[PDB]
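[1] As they sit in the full assembly, here are the leading chains:
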Amino acid sequence: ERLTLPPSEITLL
């Protein structure tokens, strides 16, 4: 699950 909200970034590594 995400703890940050949609505007905040996700980076695939």
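    Received it, and whenever you're ready, just let me know what you need. Numbering: from 1, shown residues only, chains lettered A, B, ... in the order given.
[2] Give me the distance from stretch A:5-13 to the chain's centre.
    Mean C-alpha position of stretch A:5-13 versus that of the full chain (CA atoms, centre = their mean, to the nearest Å) differs by 3 Å.
[3] actually stretch A:2-11, not the one I wrote
    For stretch A:2-11, the separation from the chain centroid amounts to 2 Å (computed by CA atoms, centre = their mean).
[4] buried sites along that stretch?
    Within stretch A:2-11, not a single residue qualifies as buried, counting by 16 or more other CB atoms under 10 Å. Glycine gets a C-beta too; all of them are placed from N, C-alpha and C.
[5] Quick one: end-to-end length of that stretch, please.
    12 Å (CA to CA, to the nearest Å).
[6] I'd like to know how many residues surround residue A:12.
    By the criterion of other CB atoms under 10 Å, residue A:12 has 3 neighbours.
[7] Against residue A:4, how distant is it?
    Distance of residue A:12 to residue A:4, given as CB to CB, to the nearest Å: 15 Å.
[8] residues contacting the spatially most central residue of chain A?
    Centroid-nearest residue in chain A, with CA atoms, centre = their mean: residue A:10, separated by 3.8 Å. For residue A:10, the contacting residues are residue A:2, by CB atoms under 8 Å, 6 or more residues apart in numbering.
[9] let's put chain B on the structure above:
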Amino acid sequence: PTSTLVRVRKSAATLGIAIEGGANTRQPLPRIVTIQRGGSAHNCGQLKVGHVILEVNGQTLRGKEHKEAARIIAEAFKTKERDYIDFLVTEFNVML
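    With chain B now in place:
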């Protein structure tokens, strides 16, 4: 313990994690949101979705913006200096 040192040996061509968080967000330290099956992270069997990354090869991620922390991890995977990455992680939530 509050934190656990997890060594992720580069056993596959990919690392296979997705992270959220950083100093510029309400999740001050990077947090793992996805672990792809077949990547080096899933292969080690010790990393989990929800793990908060305190350190990468002894370097603190506190104060680093999301993209800076992601770049630290990407460079730790690409470097030829060593064939693993040491992640200091916690299963506890970190909100400050």
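[10] please look at the contacts of residue A:10 again, because chain B has been put in.
    A:2, B:18-20, B:33 (CB atoms under 8 Å, 6 or more residues apart in numbering or on different chains).
[11] Quick check: the residue of chain A found nearest chain B vs residue B:82, distance?
    The minimum distance from chain A to chain B, using CB to the nearest CB, falls at residue A:11 (3.9 Å). Going from residue A:11 to residue B:82 by CB to CB gives 22 Å.
[12] Kindly report the same for residue A:8.
    Taking CB to CB, one finds residue A:8 at 31 Å from residue B:82.
[13] before we move on, back to that, pretty sure the residue of chain A closest to chain B contacts residue B:72?
    No. Contact criterion CB atoms under 8 Å: residue A:11 and residue B:72 do not qualify, at 11.0 Å.
[14] Ramachandran angles for the residue of chain B found nearest chain A?
    Nearest to chain A in chain B, going by CB to the nearest CB, is residue B:70, at a distance of 3.9 Å. Main-chain torsions, residue B:70, degrees, to the nearest 10: phi -60, psi -40.
[15] hang on, it packs against residue B:30?
    Yes. Between residue B:70 and residue B:30 there is a contact under CB under 8 Å: 7.5 Å.
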